[PDB]
Amino acid sequence: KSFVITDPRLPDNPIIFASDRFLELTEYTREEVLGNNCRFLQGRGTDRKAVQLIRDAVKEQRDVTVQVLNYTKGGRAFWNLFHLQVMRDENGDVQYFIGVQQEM
Ligand SMILES: *[C@@]12=NC3=[C]C([C])=C([C])[C]=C3N([C][C]([O])[C]([O])[C]([O])[C]OP([O])([O])=O)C1=NC(=O)[N]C2=O
């Protein structure tokens, strides 16, 4: 599936891993995404009430499933059924955030 892995222990919670289907779906190149916060997929038509939720889940560090509007590198807009999950891989502490993306 399309998914990425982010490391919240780094400044701005950057994408450190992105599956191939993800790069296919967004039309970007691995060199472009890696190191960057995912928000670069949002645009003028993206609902901010949705982006607010995502922001909450992240800070509060919980799971969430939000439908958000994104734009490929080319400029084409698409619906993104986004699901968030926490890699509590630790012993309480959050180590990674896993995100699954689906063009819907
Ligand atoms: C992005 N996918 C994505 C994947 C993971 C694993 C995480 C943690 C977040 C995302 N986002 C959200 C984005 O990075 C950010 O959390 C929000 O924009 C809110 O924070 P800011 O600081 O910007 O207010 C994703 N956002 C997208 O729009 N598309 C994805 O595919």
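Values below: all heavy atoms of this structure, side chains included; hydrogens, waters and symmetry mates excluded. When a residue number appears, it is its place in the shown sequence, counting from 1. First listed ligand is number 1; within each ligand, the first listed atom is number 1.
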For this session: Could you walk me through whether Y28 and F40 pass ring pair (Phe, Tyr, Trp, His ring centres under 6.0 Å), step by step?
Result: CA-CA 11 Å; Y28 282 79; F40 71 85; 5.1 Å; yes
Problem set entry | Residues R76, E27; criterion side-chain contact (heavy atoms from CB on, under 4.5 Å); working and verdict | CA-CA 10 Å; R76 178 178 113 260; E27 316 185 326; 3.6 Å; yes
For [X], take its heavy atoms, then give the atoms of ligand 1 lying under 4.0 Å from any of them.
X	answer
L41	29 (N), 30 (C), 31 (O)
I54	12 (C), 16 (O)
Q42	18 (O), 26 (N), 27 (C), 28 (O)
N80	31 (O)
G99	6 (C)

Exercise. Which is closest to atom 19 (C) of ligand 1 in terms of heavy atoms, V68, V86, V51?
Worked result: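 Among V68, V86, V51, the closest heavy atom to atom 19 (C) of ligand 1 belongs to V51.
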Problem set entry | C38, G43, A18: member with heavy atom nearest to atom 2 (N) of ligand 1 |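 It is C38 whose heavy atom sits nearest to atom 2 (N) of ligand 1.
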For this session: Quick one: look at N70 and ligand 1, take heavy-atom pairs under 4.0 Å, and tell me if it's side chain, backbone, both or neither.
Result: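 For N70, only side-chain atoms sit under 4.0 Å from ligand 1.
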Exercise. Which part of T46 is near ligand 1, with near meaning a heavy atom under 4.0 Å away: side chain, backbone, both or neither?
Worked result: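 Under 4.0 Å from ligand 1, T46 contributes no heavy atoms.
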Problem set entry | Worked verdict on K1 versus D20 for salt bridge (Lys or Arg N to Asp or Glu O under 4.0 Å) | CA-CA 9 Å; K1 176 66 68 56; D20 280 354; over 6 Å; no
For this session: Test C38 against every option in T26, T6, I15 by the side-chain contact (heavy atoms from CB on, under 4.5 Å) rule and name the one that passes.
Result: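 Of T26, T6, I15, side-chain contact (heavy atoms from CB on, under 4.5 Å) with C38 is met by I15 alone.
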Exercise. N/O of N13 under 3.5 Å from N/O of ligand 1, yes or no?
Worked result: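 Not met; the criterion fails.
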Exercise. N/O to N/O below 3.5 Å, does that happen between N37 and ligand 1?
Worked result: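 The answer is yes, given that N37 and ligand 1 share an N or O pair closer than 3.5 Å.
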For this session: Working to the nearest 0.5 Å, report the span between CD of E24 and OG of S19.
Result: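 If we round to the nearest 0.5 Å, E24:CD and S19:OG are 9.0 Å apart.
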Problem set entry | Reported CG-to-CG distance for the pair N13 and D7, which is rounded to 0.5 angstrom |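 Separation between the atoms: 7.5 Å.
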Problem set entry | side-chain hydrogen bond (donor to acceptor under 3.5 Å, both in side chains) involving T65 - partner list, sequence neighbours excluded |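 Expected list: none.
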Exercise. If we ignore angles and hydrogens, is there a donor and acceptor under 3.5 Å between the side chains of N70 and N80?
Worked result: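 Yes, side-chain donor-acceptor contact under 3.5 Å.
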